[PDB]
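There is one chain below, alone, in structure tokens, taken in the form deposited in one PDB entry.
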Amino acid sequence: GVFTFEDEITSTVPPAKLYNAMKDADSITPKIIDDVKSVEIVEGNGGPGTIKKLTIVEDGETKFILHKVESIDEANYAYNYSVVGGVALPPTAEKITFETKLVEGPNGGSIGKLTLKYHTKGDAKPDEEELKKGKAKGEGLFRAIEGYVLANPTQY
């Protein structure tokens, strides 16, 4: 079945800037986040259907994660992608989708909105430990992209 929920996060960076920065996440993320070593395109032109392989290291072991780009709407500061393989997909789960939107926040910042859709195989229930771990990783990612923009004000 599908399990859906929604979370929010804030930034002092305005949404057009932050959105443009999110497009360069493949190049930014490896620099800032210790564990992420590379992000490579396995197939596609970056738009919908593109498959990406993320290489990380946790506790000395090199692991990989597979993302698929679902859709892109630049007018509405929106990017949707799914985890479709690797360590971040648990064996009980078919797929985990992240639907992301940025909106104008108060005080010239941004509000980021995430809808998370966790698709399970059969009667299996979503893994709470993997969810908790996921939220921490997603937060980190957002802060890293924000951090880059704040630390490099001339770019964007």
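Numbering starts at 1 and follows the sequence shown. Shifts are known only where both forms have a C-alpha. For the two forms, the rigid core is made up of the largest set of C-alpha atoms that agree within 1.5 Å on superposition.
Stretches 55-63 and 89-97 differ in mean CA B factor, with 55-63 having the higher one.
Relative to one another, 98-106 and 124-132 have unequal mean CA B-factors, and 124-132 is the one with the higher figure. Residue 43: CA B factor in the lowest third of modelled residues in this chain (values from the PDB entry). Ranked by C-alpha B-factor against the other modelled residues of its chain, residue 70 falls in the lowest third. When the modelled residues of the chain are ordered by C-alpha B-factor, residue 32 sits in the highest third.
Heads up, the form deposited in another entry isn't pictured, but that's what we're talking about next.
With a cut-off of 2 Å and the rigid core superposed, residue 14 has a Cα displacement that falls short of the cut-off between the shown form and the other one. Shifted stretches between the shown form and the other one, defined as 3+ consecutive common residues each with a CA displacement of 2 angstroms or more after rigid core fitting, are listed in sequence order as 122-125, 133-140.
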